[PDB]
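Heads up, the thing below is written out as structure tokens.
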Amino acid sequence: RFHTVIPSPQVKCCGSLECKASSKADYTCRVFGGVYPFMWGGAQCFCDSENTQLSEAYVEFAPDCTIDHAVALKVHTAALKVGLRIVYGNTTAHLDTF
Amino acid sequence: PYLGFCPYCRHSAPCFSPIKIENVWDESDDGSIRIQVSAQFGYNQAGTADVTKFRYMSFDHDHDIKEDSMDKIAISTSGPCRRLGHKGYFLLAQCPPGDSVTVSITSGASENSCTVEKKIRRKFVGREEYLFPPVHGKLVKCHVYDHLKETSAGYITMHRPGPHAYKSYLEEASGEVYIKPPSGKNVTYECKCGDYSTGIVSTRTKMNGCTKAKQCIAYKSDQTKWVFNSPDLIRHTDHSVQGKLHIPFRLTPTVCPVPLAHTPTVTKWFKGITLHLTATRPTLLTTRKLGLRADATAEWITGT
Amino acid sequence: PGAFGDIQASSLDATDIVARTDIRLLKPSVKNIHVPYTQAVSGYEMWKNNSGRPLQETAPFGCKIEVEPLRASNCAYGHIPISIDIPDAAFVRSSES
Amino acid sequence: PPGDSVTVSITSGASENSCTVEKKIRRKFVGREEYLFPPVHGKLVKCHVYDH
Amino acid sequence: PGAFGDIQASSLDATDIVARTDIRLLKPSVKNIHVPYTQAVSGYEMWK
């Protein structure tokens, strides 16, 4: 399971922003025009227009993947090993061989 | 101890609450779920460790840190949940089946509750369905969240808080704008009524050239806090990694008891068998040949 | 996106994680601050639901699958030609037997 | 919440009087997609609600 | 077992009750005293 982590958005309060090129997993960044956002006090900026916002998101491994994860493998020619018990007359013998 | 933008508050519509649920995890096989919220638990105003009480941000223009007790916390999905543990941003609780999870603080008549959709199903470990761990049965390997609060399932990154503007700090009078910082607190203000102008003020301060309240903003230089990298906050200019909290309640392995079904009744016949089976709950039956072709067959069987 | 191995890495602690989950960001509409996004469901969960029975219950020839390391023990098939140098000490001559 | 009947009760001290009537109260939505709660983000469509 | 008449008697109060319900005892495993067992479902309920 991937944890879709979303960094806190930033707003260039009365200017402009440009999407950078990070190297996170499934990194996705977009820029939107004037938004005029509210937090708790009825205003965050002073320009009704040209108030761009930067929406950023990517993915990481969930905290519980250390147990809940699947490992992918490729197999090749397999060698067969045998544990063998053999008795002749009085003597018995155990041996592991390829 | 920030506040999120909860989609479902007490009444109905989305609103800003101190107890927004950010993430919910239910990977444990015993049904216990780990929840992450903005509020800080196990701590008082100064952050000192104490199991009796938790902290949160106040609903006012000063937004100082207020406090409450454990007995006023309620967790519920379809019925009331049992609180198993609490540490920092995180809770761990065993809950019944439900489609959403709700966490609420009952400050007298103020029942501030945040609900988030999460399909919490009743899961089991093994090959036999049951409601409770049976008293008698096989002991199999399972993985359950550790109830110890000092464990570590990973980490969460936090950063310095960003600007959080207020209109109460601003005043309109005679078509002129004023800034009224709270007493004894320095407030950084910034405005644009023509030329862009920043600054810091600490008293009742006039500004010139401004006619509308919307054109300026002010906030106190609150560098004395840390906030999780939540999508409901405006980030600081320097959003560098400045902290890492642990994720308590690691998912540890252990031994779980699972039931043993009624022994089948085998009736033999020429090149074949007939298993009479009785299982009050769905029990898995898996058969396979030991030749070139497995001819594997799997079936969940109920009744007789 | 939406299928097994949509997120991959060399190890759990590896920082060079590569994924393609079809995440896309939408314009924020409501007045209050937020960042909306729609993303395809986790393909790991999709495979988990539709994983099917494991190889422990489907391997032929009655071969018991095991892990750490991957192996198949007690697997009965075929014939093993064996050439053995049994010592002459154990042998007893016919004149005494 | 969803339920098969609706009940109105008064609790005057230890005297509890409750009347129950059968009514299949179901969870209904507006639009073309099911949802438990109105999401923060989405389209704004026409609906009709009892005025508070 | 598991069929109609999986318990029979001449009367409700009759003491000559005869049963074959396929009940088998199992070895206890937990430390605490308790006797485990398994038994076929009531055939009377199945017929009902």
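Chains: A, B, C, D and E, in written order; residue numbering restarts at 1 for each.
As a working rule, contacts are C-beta pairs under 8 Å (C-beta built on N, C-alpha and C of every residue); 3 or more make two chains touch, one makes a residue touch a chain.
Q: Using the touch definition from the top, list the chains contacting both chain C and chain E.
A: B
Q: Which chain pair shares more contacting C-beta pairs: B-E, or C-D?
A: B-E
Q: Report the inter-centroid distance (CA atoms only) between chain C and chain D in whole Å.
A: Distance between chain centres, rounded to whole Å: 48 Å.
Q: If you average the Cα atoms of chain A and of chain B to get two centres, how far apart are those centres in Å?
A: So the centre of chain A lies 20 Å away from the centre of chain B.
Q: What's the distance between the Cα centroids of chain A and chain D, rounded to whole Å?
A: Inter-chain centre distance comes to 40 Å.
Q: If a residue has to touch 2 or more other chains to count, which residues of chain C qualify?
A: Within chain C, residues 28, 30, 32-35 contact more than one other chain.
Q: Where does chain D touch two or more other chains at once, residue-wise?
A: 40
Q: Can you name every pair of chains that touch?
A: Pairwise, the chains that meet the contact rule are A-B, A-C, B-C, B-D, B-E, C-D.
Q: For chain B, which residues count as touching chain C in their complex?
A: Those in contact with chain C are residues 5, 14, 16, 231-234, 286, 288-294, 296, 298.
Q: Would you tell me which residues of chain C are touching chain A in their complex?
A: 4-9, 12, 17-21, 23-25, 27-28, 31-33, 35, 37, 39, 42, 44-45, 47, 70, 72, 75, 80, 84, 86, 90-92
Q: Any idea which chain C residues touch chain B in the complex?
A: Touch list, chain C to chain B: 30, 32-35, 53, 57-62, 76.
Q: Contact residues on chain B for chain A in the complex?
A: Residues 3, 16, 23, 25, 27, 61, 63, 143, 153-155, 159, 162-169, 191-192, 196, 214-217, 227, 229-235, 239, 247, 251, 253 of chain B touch chain A in their complex.
Q: Give every residue of chain A touching chain B within the complex, in rising order.
A: Result: residues 3, 5-11, 14, 37, 39-48, 62-64, 66-68 of chain A touch chain B.
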